[PDB]
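One structure is given here, and the rest of the page talks about it.
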Amino acid sequence: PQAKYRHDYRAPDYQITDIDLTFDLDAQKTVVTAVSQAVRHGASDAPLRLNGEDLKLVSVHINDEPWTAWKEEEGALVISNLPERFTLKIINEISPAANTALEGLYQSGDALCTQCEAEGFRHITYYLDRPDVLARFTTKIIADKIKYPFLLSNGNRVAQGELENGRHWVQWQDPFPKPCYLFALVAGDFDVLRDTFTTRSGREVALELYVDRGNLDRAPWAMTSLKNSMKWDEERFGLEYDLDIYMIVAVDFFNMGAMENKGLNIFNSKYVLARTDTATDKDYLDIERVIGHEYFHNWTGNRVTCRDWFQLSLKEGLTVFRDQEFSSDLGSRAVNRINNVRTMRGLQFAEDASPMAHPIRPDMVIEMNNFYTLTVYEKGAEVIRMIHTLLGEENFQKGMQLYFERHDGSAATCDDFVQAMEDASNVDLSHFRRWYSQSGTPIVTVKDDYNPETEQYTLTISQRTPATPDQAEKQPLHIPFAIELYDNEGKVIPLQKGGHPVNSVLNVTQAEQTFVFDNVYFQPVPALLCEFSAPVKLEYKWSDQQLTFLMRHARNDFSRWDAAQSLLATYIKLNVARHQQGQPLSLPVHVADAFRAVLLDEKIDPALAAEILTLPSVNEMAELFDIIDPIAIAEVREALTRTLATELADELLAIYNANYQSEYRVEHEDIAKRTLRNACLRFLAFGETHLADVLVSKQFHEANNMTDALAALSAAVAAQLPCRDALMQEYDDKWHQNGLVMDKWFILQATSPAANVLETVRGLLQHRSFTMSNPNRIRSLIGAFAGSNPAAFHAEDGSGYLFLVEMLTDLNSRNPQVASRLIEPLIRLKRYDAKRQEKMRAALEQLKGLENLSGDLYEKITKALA
Ligand code: NA
Ligand code: NA
Ligand code: NA
Ligand code: NA
Ligand SMILES: [Zn+2]
């Protein structure tokens, strides 16, 4: 498989303006007829190359004349000797039942449905399967009426008929030109939740949400979220929906989370179905997030699309920013910000330090499905948020407005987006662009000095981005660096210089730079990189007391949490070294004191309290070290949890009981009390054993919702309490016929601290509720083991590596996309010790050797083994 390069982009030799598809649907053999109106822009001797994969070509016509001047190559149909304008007709055959990779047209349970991003449309017919070719689609679908009563595609339903032999047909017309990655088709039998939304402007939009028969009771929260999404995009961005129907379909078998197909979103059902006894607060808020995300794509993705796949972040970074703003506006801004930063530092930093490291705009791709990443998405969003930080909200919106004005109806580039923001705002983003072309995490170093003679405070800030496997050259970035300075009573000291105030977002543009501030009437405590103003690692020599000060006094809740993280980091690193030398936890008293203070602070927002009392994950902790000792990390996390549970036992139990709520609401104040409560429970599970087993058992049984029942079940697993096995059997017994609920249980099983966890996970491959045919199940069991049980995945004997190789040997042939997702923990070998590398290297070489090795895996394996 050969790599493609962004610098090689060039405009297509042909365009397609309109395509009329007829599908004669059957799960064994589907016949596709595709009539495309085409135009040659290039030279007469340039043939038309149509992408296609796994199609059985039946016929080729040009202006109705059967065509003799064409050849099939690997992945293409190359057609010669064409006129300047003409009607291409292709008839071909495909086979949804065979399609286990879940790419193109395929079978989800009894339904048929599509996935065309990034390059799945070429698995349905021969086409210009590149997102700078935009066309007007009409889609005619013919099928068995009993099997497939509902026949859906993008746009509006314009025609319909009955046929002989119990068949019927429906036709759809989507008036907006689109690249083919945005095509969808769905056939099957569903319950439908129908409702409507009226835009600011008076357009009445039919909303229709399709779910498997029996599941209508778990649809209204999605429906409600869609309406909140539409309303918010109006209020915040001035954007209204542009069609008359908005369809969403929930399918069980889906590689991604969900898909923004124009007017017909297809969703993994984990991001639609909720009921208080099946779904946690996290689930409700994730459904809100993803619904919004796909809805926001209607403009930042669909009405403006990507010129080529190297511009993926132009829609995803931006659309992620939008979902984060949505979720933040409607909920707790601070809790969303905190969580998003945990994700950035805890997972994405890891990716930017891996052999898969890339810029948010990649320069080289082998399999474009490997580039739907933490970097492109999350770091992408942080890049958008930096622009926002530099422009302020008003100029940002002006920029948005210019972007649409210039590019509505076409495919654009990341550079285009940046130029609109610059032009609209008059802020120079030349240097800022480097964020799009450079990979890796910059490290910002801050040294400071107070001068009491002159009442001045000097920050000396420097930056470097270490080399990455992909890029030997790095240069300084335009890094927006937000500060606040606190006096000894916790009041903010006005930033100023030479009698004029200074903006608190510093422009750190050079390798090294000094900032001087006047009228600093007291030696300040700084808050640095406020609200994570740039996606960088901060290096500053805090005292413990500067940090607890900030936890007490900082104006922004994020800063208070962030300070706690820095306080902990220090002692997480201490104790990992202590573990390695056979020593127990050490923790100064004043650290535990700081967390007592949080627990008992009467005025603190419980949303914040809960995050501060949520210890960094094992993945977050791992970014504190160049070489990860996954066993030491896991053990220290536990031991820190044990130590705090004992120091703070009385406090924890009190706060636990005080936040009891008899009523369940999906409401932001209730969620926060409940999140704090369950944080308290977690520590208590690691306390006196009998009281632990009682509290946890009790909650499991008394819970009137899944948030509380799972918090308890999860504590029972994590602390290994006597009630564990019995509680896990109750859950299995009650929930085994429900896959999305069981995923929760598989995740617990996979992430268990128990010594025989791998043996359990292997057996669970035969569990009644598991199946290798479903991505959600694969990920909940196998992926969670590999990815979220590092202590066991990295058992010193190599059993984890071997397990994953076995599973990947399957998935490489069955579903390469899920395979590539699952390989990721193996690609990180250079962060582990030599003996572990050698085993992981060997595992990777074994995979490299597989017969039909997928391009999805090849790209990652070869990068890892360089
Ligand atoms: Na076109
Ligand atoms: Na808010
Ligand atoms: Na200093
Ligand atoms: Na990590
Ligand atoms: Zn997206």
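Numbers in chain A come straight from Swiss-Prot, and the residues shown are 5-870, in order.
Recorded method for this deposit: X-ray crystallography, 2.2 Å.
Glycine residues also receive a Cβ, built from the backbone N, Cα and C atoms like all the rest.
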Looking at the substrate binding annotation from Swiss-Prot, with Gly261, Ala262, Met263, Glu264, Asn265 already listed, which candidate in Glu107, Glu121, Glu409, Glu426 is the matching residue?
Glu121
Check the Cα-Cα distances from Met263 (substrate binding site) to the recorded positions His301, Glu320, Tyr381 and tell me which is shortest.
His301
List the residues in the vicinity of the substrate site, defined as same-chain residues other than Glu121, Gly261, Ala262, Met263, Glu264, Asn265 with C-beta within 8 angstroms of the site's C-beta centre.
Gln119, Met260, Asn269, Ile270, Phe271, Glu298, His301
Zn(2+) site, defined by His297, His301, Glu320: further same-chain residues with Cβ within 8 Å of the Cβ centre:
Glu264, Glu298, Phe300, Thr304, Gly305, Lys319, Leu322, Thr323, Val324, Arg326, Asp327
Surrounding CB atoms that lie within 10 Å of the CB of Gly261 (substrate binding site), all protein chains:
15
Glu298 (active site, proton acceptor) versus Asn265 (substrate binding site) - Cα distance in angstrom:
8
Measuring Cα to Cα, how many Å separate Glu264 (substrate binding site) from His297 (Zn(2+) binding site)?
8
Distance check, please: Cα of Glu298 (active site, proton acceptor) against Cα of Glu121 (substrate binding site), rounded to an integer number of angstrom.
13
Using the alpha carbons only, what distance in Å do you get between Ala262 (substrate binding site) and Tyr381 (site 'Transition state stabilizer') once rounded?
14
Any same-chain residues 6+ apart from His297 (Zn(2+) binding site) with CB under 8 Å of its CB? Would you list them in sequence order, or say none?
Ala262, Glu264, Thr323, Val324, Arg326, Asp327
Do me a favour and check the Cα-Cα span between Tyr381 (site 'Transition state stabilizer') and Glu320 (Zn(2+) binding site); whole Å is fine.
5
